[PDB]
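Encoded as structure tokens, the following chain is the form deposited in one PDB entry, with no partner shown.
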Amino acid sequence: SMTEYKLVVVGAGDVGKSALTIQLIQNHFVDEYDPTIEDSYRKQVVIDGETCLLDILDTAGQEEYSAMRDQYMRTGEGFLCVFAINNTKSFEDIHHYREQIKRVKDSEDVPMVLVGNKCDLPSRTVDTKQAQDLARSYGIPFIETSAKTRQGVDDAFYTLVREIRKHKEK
């Protein structure tokens, strides 16, 4: 049957992890504050001609539980590392998420995608080059998204799948 991909969405609180996932799954956006405990979703898609099943884990950004992440990081196959382009602290928080993933999986070769969300917003404090440089230093793709306009939403999840594919044939 079709290949399943275990995707995990991580990042600081309020960056839009849930809005991105609910846009992908349900194709709508609401501007309400609904902080996540933990949610899981399934969706079948076609990527580069190949049908596959996305198993998406939407994790808590709630910073006090940073010691609770090891198990979902061991289980996950690929990580959508999300920050918001109007919040510089969320961009700085990205490094700690990547270091934690690499440490927990004891590997330099973990499929990840850096996602700069909320690009519909005028108050940008993280430049495109700033994030592109970081993604280049990580060796991973960078994609800008808006959960509100749906810009780049499919592209981010699909690219992460492409990154997992390039790893499982390695």
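One rule holds for the numbers: they count along the sequence shown, beginning at 1.
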property	result
Entry-level comparison of average CA B-factors, 132-140 and 110-118, reporting the higher stretch	132-140
Residue stretch of maximal mean CA temperature factor, 56-64 vs 28-36	28-36
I101 - Cα temperature factor, lowest/middle/highest third of chain	lowest
Chain thirds of CA B-factor: placement of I85	middle
Position of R124 among the chain's modelled residues by C-alpha B-factor, lowest, middle or highest third	highest
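Just so it is clear, the following notes concern the form solved in complex with a partner chain, a form of the same protein that is not shown.
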{"item": "Proximity to its partner chain in the deposited complex (heavy atom, within 4.5 Å), stretch among 57-65, 124-132, 111-119, 139-147", "value": "57-65"}
{"item": "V104, heavy atom within 4.5 angstroms of its partner chain in the deposited complex", "value": "yes"}
{"item": "Any non-hydrogen atom of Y97 within 4.5 angstroms of its partner chain in the deposited complex", "value": "yes"}
{"item": "Contact of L160 with its partner chain in the deposited complex (heavy atom, 4.5 Å)", "value": "no"}
{"item": "Interface membership of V10, its partner chain in the deposited complex, 4.5 Å heavy atom rule", "value": "yes"}
